[PDB]
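Undergrad:
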Amino acid sequence: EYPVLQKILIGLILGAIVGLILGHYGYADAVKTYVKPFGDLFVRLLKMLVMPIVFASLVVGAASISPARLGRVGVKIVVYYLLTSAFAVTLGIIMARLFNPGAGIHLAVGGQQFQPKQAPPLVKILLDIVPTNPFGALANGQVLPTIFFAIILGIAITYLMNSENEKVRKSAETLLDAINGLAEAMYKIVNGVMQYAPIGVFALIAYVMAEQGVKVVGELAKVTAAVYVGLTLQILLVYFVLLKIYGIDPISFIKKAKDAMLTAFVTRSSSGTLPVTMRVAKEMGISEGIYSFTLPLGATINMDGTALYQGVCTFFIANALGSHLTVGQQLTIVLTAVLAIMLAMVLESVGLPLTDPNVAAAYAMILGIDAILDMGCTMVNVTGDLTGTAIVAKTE
Amino acid sequence: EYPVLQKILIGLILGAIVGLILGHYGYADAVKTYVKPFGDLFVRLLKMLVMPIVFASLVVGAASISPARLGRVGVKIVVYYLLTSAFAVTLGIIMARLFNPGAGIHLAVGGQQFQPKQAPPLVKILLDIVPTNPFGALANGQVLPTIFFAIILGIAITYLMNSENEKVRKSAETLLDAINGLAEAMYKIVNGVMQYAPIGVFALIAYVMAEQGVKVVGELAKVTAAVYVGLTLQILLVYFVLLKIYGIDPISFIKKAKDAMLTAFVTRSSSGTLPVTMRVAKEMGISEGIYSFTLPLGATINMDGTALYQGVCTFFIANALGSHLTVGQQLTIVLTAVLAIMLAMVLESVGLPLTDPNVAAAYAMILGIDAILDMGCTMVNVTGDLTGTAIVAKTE
Amino acid sequence: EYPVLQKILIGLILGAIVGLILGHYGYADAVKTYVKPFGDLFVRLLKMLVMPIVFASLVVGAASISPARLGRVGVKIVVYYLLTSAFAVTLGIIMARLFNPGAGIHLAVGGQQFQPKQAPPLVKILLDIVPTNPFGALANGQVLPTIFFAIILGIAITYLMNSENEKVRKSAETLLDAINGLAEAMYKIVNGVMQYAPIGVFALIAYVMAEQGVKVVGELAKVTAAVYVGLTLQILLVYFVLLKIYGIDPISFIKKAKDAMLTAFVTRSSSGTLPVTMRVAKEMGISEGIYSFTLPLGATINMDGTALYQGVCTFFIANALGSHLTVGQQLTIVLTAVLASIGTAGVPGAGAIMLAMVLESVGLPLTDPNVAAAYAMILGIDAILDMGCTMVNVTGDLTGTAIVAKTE
Ligand code: NA
Ligand code: NA
Ligand code: NA
Ligand code: NA
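And the structure:
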């Protein structure tokens, strides 16, 4: 029972208090063994739905809209995603210079060491979008390859709804219907899973705050302000701005996106949030044609929030090492950060690799409050996707 | 052609004779290379059907019955399963004290050594019931996670058969129908696979008897009598008793369950028997709502037969080591044996670990006649499931 | 736009020229990093369709035809496959004695060494046809186990279309329809993928020719002529012959099979070609009952082209080692090469790796330092030899289907 958009807010506020307090008294362990499992059951239940929903929804949606309309949606959302992600870095740099995170600090070296995994060739990453076995792609995670096949099937069904034959048209009928059955059924499930969300949300930040809340002091606090005040501006100064521009109401969009935003914040999984991010798209009544393609692709490609975190970390490390960056170095961040634990790749691009003993001991502090910084980031990550879909949907 | 509940019995009796004799003359190898493959083809053909049947049947069954009725079935069958499994251990201990398996024996030490795999945390095992990717769960074995998703889908379909919409209700219609198609088709297959059963049943015990039949002498025979006479009592003294109590006829239940019992006995796979265990449930006309949930869950959770084997082995090892067990130690078995090659976990609970050189050399003999003991166990394992379903079904 | 059976031929002829030339100037690297990815995208897009098509098509096809008719098709196509594969070896031996590949050569020893993976027991390979988890079989490759379950399901649907019940018959209706939906949809996709074929075909042989074209000189050329002239005879002297015999027109069959043949040639994947091999079967209007069973089984079992390659290599190695083979040794090849083309895989080159099993049968194992250094040269021009082989491999399947289809 009870209005559930409040139960979540109650759980979230009450969770932060029960969190920060328990952990400060040394119950960092206690929370992990007792409370966290309830927060995990929530995450599990959401991940459960991702594969059926993304696939099933997209076959229907791609079979619903024109193969021309879809491409135009595609090119629009990508142009949108890159520009928002670029804007988010330059806004993070502005925060990292507005604040001075780790400016005066001279930290303890040689404690921790790192070796980043070197990223796979671009050619191989693009070819891998085309899956060599659909049932394989579905079986093990793999959002992007699934997206591809779902559209290739979506378009295939539509061309069968036209055949000069009756029995051909009658089979493509039932298949596209059955797939929709699943898509309908899956959305229905999230409505029930969101019922357990209060308990999950409470439990989930109860853990984040107990484990890493206490570590948010000193220079490791100034970075947190830098990230959050920056993330706030990505919402007000970039989304609210582009929503007004495109004839949408910012306030009633935030009203409708409330669930996807808090799941994304609590869960830290842009991907694990997808069923909720997607339901909220259907809630505000965006075309299944558009949102079933833009949101799963954006769950992977559009990370405005994270792109900001990468900007404000590249400045934390630079300040702690004790050498500032110029116009030619700062712009080298923005490009690499768009093109990109993968912060390890935008750190070599400026000239301070992660293997470097003192760089590595500085990054060790940052990774120490990561789950705190990553809540805010994942929310703005996900919000950025809904904003893009809403804009592309307005222009069809 | 020919009445097939006889061809199986012929194959089973003729198999034991051709088995015990061939192996006693040294053809333990010959049977393995020539006969066994035919027995394997049977097991393969049954495992083949497990995944489609369990999933497809359960979506239909859970979409058929009330979400309230199902939970009441759930709580009833679990309460039944634990109590039957508890009863089976205390009956195995009674047999292990009635007989004296390995009492006087002092066996050869240092021959064989063991190291048991330490079981995964409980928290992680319960969370793992909720699958993170259904298509994944289906792809690789995994009965329990599938069970969960099948019901979550089953309940979802039913809530779509109610929607104020026509096209929504029409898609959930076709999906639930198609899934039923599979479920219907799969049951039909087992009817043909049971046609090959005679050849398989013959071949299968021909191997068990040739390989391990000769080893059933001495103290390793007294344990076999202790297990089988004990298992006999679990059927007559526990199942026949609870069937009469609940207004079912014991004799015509054994008549209907005949196929699932002999498959389970010959095949040693409680899970591999499932398509037959399930068909026999539909044969006696139990609701697809009930049996499609109770039987696959019971295929994993309810092992009365094995729980007895664990009781009478914990006493074989104790007698061979030469120290008896008290009331506080015997009750420590019953609890751990309910809560549990996993015999290695109920052996540490009494205080005689499996790593211990002389414990390990004693367990080596027991594992030497395992396939003999395991035939009877798996039968009672599977029987116990049908009995539970029949009882819960009577009380709806 | 544009007639696409030409765009492929243009790409194929223009590819060989842009290939052989770029590689001879040292751009073997340049082609691999720039051109090949385009040829890969084609291969990827075809493999993509294999699993849905083979399964979906076969459930429909097996639910369409009589369980008696299917068995008779089964026994006919297998009898055909073995006899064609046997004929292909004895034709390869004839070419390996007609030509003398590596007769006078005495090659550099101790350069390269090999150790072949020992093949799994027959019992275990036959039992493995029956899959223990269908969804598992579908998930990871596995053509043969899928074939089995698709038929077992196909037959099951048909027995449900008969039930005294209405709601039972109505569900088996929708399921068999939905599966057909996929099967229909999947064939429709290959029609679009074949649109990208020109670019792929061009890119694909551009690579084969740049990488291995230059190595086709000397004794390594005489073997290539021996293979290709042999493969040509398998088509004219064996397929054209058996097609006429069975009241089919050879020329208009080659016309209809054109796409599957060039995909198979360019792609080197008998399995990867399957969606095209299958579409071409529906194009010439063979019963979905027959081709949906014969072609995927034949994609793995019937490798006439490869069986010839195994015959003409067993003679290249024998001549290079410097000891000829007798009647009792040559017939020991034909039997083992059939029994190893029955088990050879349907993927780029990995058939020319089971040649290691038909080399021990004559008495010259692959571990032997000078045998291994001779096989090293052969594997050096494998992608050239394997193009032709895979084409004749795939063609042989269509020929068999057409023959069995004529006799229903
Ligand atoms: Na995102
Ligand atoms: Na059981
Ligand atoms: Na082939
Ligand atoms: Na083969």
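Chains as they are written, first to last, in UniProt numbering: chain A, 9 to 348, 361 to 416; chain B, 9 to 348, 361 to 416; chain C, 9 to 416.
C-beta: ideal position from N, C-alpha, C; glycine also.
#1: Please list, in chain order, the residues of the region 378–393 of chain C that have any C-beta partner in chain B closer than 9 Å.
#2: Nearest-angstrom Cα distance between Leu303(C) and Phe63(C)?
#3: My understanding is that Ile392(C) touches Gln220(C), with C-beta atoms under 8 Å, so please give their C-beta distance in whole angstroms.
#4: Below 6 Å CB to CB, which residues in the same chain sit around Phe273(B) once its five sequence neighbours on both sides are set aside?
#5: Is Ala64(B) helix, strand or coil when you go by DSSP?
#6: Can a CB atom of chain C be found closer than 9 Å to the CB of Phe143(B)?
#7: Counting only beta-carbon separations shorter than 9 Å, does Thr154(B) have a partner in chain A?
#8: Please indicate yes or no: does the CB of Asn310(B) lie closer than 8 Å to some heavy atom of ligand 3?
#9: With respect to 8 Å, is the separation between the Cβ of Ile350(C) and the closest non-hydrogen atom of ligand 4 below this value?
#10: Using C-beta distances below 8 Å, list every residue in its chain close to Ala233(B), excluding the 5 sequence neighbours before and after it, in chain order.
#11: Taking the alpha carbon of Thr415(A) as the point to measure from, which residue in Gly336(A), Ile298(A), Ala381(A) has its own alpha carbon closest?
#12: Pick out whichever of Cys397(A), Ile389(A), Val346(A), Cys321(A) has its Cα sitting closest to the Cα of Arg105(A).
#13: For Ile113(B), which three-state DSSP category applies?
#14: Note down, one range per segment and in chain order, each alpha helix (DSSP H) of at least 4 residues found wholly within the region 68–146 of chain B.
#15: Using only the heavy atoms of ligand 4, determine whether one of them is closer than 8 Å to the beta carbon of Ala265(A).
#16: Comparing C-alpha positions only, which one of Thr98(B), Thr166(B), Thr285(B), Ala218(B) sits nearest to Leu339(B)?
#17: Tell me the residue span of the alpha helix (DSSP H) that contains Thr340(A).
#18: From the DSSP output, in three-state form, read off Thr154(B) for me.
#19: Do we get a CB-CB distance below 9 Å when we pair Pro128(C) with the residues of chain B?
#20: Classify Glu227(A): buried if its beta carbon has 16 or more other beta carbons within 10 angstroms, exposed otherwise.
#21: With 7 Å as the C-beta to C-beta threshold (strictly closer), list the residues of the region 34–68 of chain C near chain A in chain order.
#22: Closer than 7 Å, Cβ to Cβ, to anything on chain A: give me those residues from the region 167–192 of chain C, in chain order.
#23: Along the alpha helix (DSSP H) that carries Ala380(C), what are the first and last residues, could you check?
#24: Would you kindly check if the distance between the Cβ of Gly313(C) and the Cβ of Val402(C) is under 9 Å?
#25: Would DSSP call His32(C) helix, strand or coil?
#26: Could you check whether the region 64–79 of chain B touches the region 149–167 of chain C, counting it as contact only if at least three pairs of C-beta atoms, one from each stretch, sit closer than 8 Å?
#27: Determine, for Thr140(C), whether the minimum Cβ-Cβ distance to residues of chain B falls below 9 Å.
#28: Note down, in chain order, each residue of its chain lying with its Cβ closer than 7 Å to the Cβ of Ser72(C), except the 5 sequence neighbours on either side.
#29: For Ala147(A) and chain B, any beta-carbon pair shorter than 9 Å?
#30: Alpha carbon to alpha carbon, what distance is there between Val209(B) and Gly19(B)?
#31: When DSSP labels each residue in this structure, what does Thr281(C) get in the three-state scheme?
#32: Of all the options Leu28(C), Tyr215(C), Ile21(C), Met194(C), which has the alpha carbon lying nearest to the alpha carbon of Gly47(C)?
#33: Can you determine whether any heavy atom of ligand 1 sits closer than 8 Å to the C-beta of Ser300(A), and answer yes or no?
#34: Give me, in chain order, the residues of the same chain whose beta-carbon lies closer than 8 Å to that of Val68(A); leave out the 5 immediate sequence neighbours on both sides.
#35: Given a cut-off of 9 Å, decide if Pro373(A) and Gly118(A) are closer than it, judged by their beta-carbon atoms.
#36: Quick check on the DSSP output: the alpha helix (DSSP H) that includes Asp257(C) runs from which residue to which?
TA: Result, derived from the coordinates:
#1: Against chain B - using a Cβ distance shorter than 9 Å - the region 378–393 of chain C contributes no residues.
#2: Taking the straight line from one Cα to the other gives about 12 Å.
#3: With a contact defined as Cβ atoms closer than 8 Å, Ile392(C) and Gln220(C) qualify at about 5 Å.
#4: Taken in chain order, the residues that qualify are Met395, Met399.
#5: Three-state DSSP puts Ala64(B) in a helix.
#6: For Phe143(B), the answer is yes, since a Cβ of chain C falls inside 9 Å of its Cβ.
#7: By this cut-off, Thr154(B) is not an interface position.
#8: It does not: the Cβ of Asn310(B) is nowhere closer than 8 Å to a heavy atom of ligand 3.
#9: The answer is yes for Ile350(C).
#10: For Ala233(B), where only same-chain residues beyond five positions count, the Cβ hits under 8 Å are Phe107.
#11: The option with the nearest alpha carbon to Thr415(A) is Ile298(A).
#12: Comparing Cα-Cα distances from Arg105(A) to each of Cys397(A), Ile389(A), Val346(A), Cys321(A), the minimum goes to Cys321(A).
#13: Here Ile113(B) sits in coil by DSSP.
#14: Entirely contained in the region 68–146 of chain B, the alpha helix (DSSP H) runs reaching 4 residues are, in chain order, 75–106, 130–135.
#15: Flag unset: Cβ of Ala265(A) not near ligand 4.
#16: Taking the Cα of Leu339(B) as reference, the smallest distance to any Cα among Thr98(B), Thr166(B), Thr285(B), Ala218(B) is reached at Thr98(B).
#17: From DSSP, the alpha helix (DSSP H) with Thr340(A) extends over 335–347.
#18: Of the three classes helix, strand and coil, the one that applies to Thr154(B) here is helix, per DSSP.
#19: For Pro128(C), no Cβ of chain B is located within less than 9 Å of the residue's own Cβ.
#20: Around the beta carbon of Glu227(A), 16 or more other beta carbons sit within 10 angstroms, so the residue counts as buried.
#21: Here the close residues are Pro45, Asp48, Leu49, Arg52, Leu53, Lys55, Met56, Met59, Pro60.
#22: Result list: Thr182, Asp185, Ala186, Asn188, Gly189, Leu190, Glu192.
#23: For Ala380(C), the uninterrupted alpha helix (DSSP H) run begins and ends at 377–386, by DSSP.
#24: The answer is yes: Cβ separation under 9 Å.
#25: Three-state DSSP puts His32(C) in a helix.
#26: Taking one beta carbon from each stretch, the region 64–79 of chain B and the region 149–167 of chain C have fewer than 3 pairs nearer than 8 Å; the two do not touch.
#27: Interface residue, yes.
#28: In chain order, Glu296, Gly297 place their CB closer than 7 Å to the CB of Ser72(C), counting only its own chain and leaving out the 5 sequence neighbours on each side.
#29: It does: the Cβ of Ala147(A) has a partner Cβ on chain B nearer than 9 Å.
#30: Approximately 6 Å, taken between the alpha carbons.
#31: Secondary structure at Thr281(C): coil, using DSSP grouped into helix, strand and coil.
#32: Ranked by Cα distance from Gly47(C), the options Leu28(C), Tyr215(C), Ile21(C), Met194(C) are led by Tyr215(C).
#33: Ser300(A) Cβ: outside cutoff for every heavy atom of ligand 1.
#34: Leaving aside the five residues that flank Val68(A) on each side, the residues in its chain whose CB is nearer than 8 Å to its CB run, in chain order, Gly162, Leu184, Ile187, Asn188, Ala191, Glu296, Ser300.
#35: Not in contact: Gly118(A) and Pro373(A) (Cβ atoms no closer than 9 Å).
#36: Where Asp257(C) is concerned, there is no enclosing alpha helix (DSSP H), given that its DSSP letter is neither H nor E.
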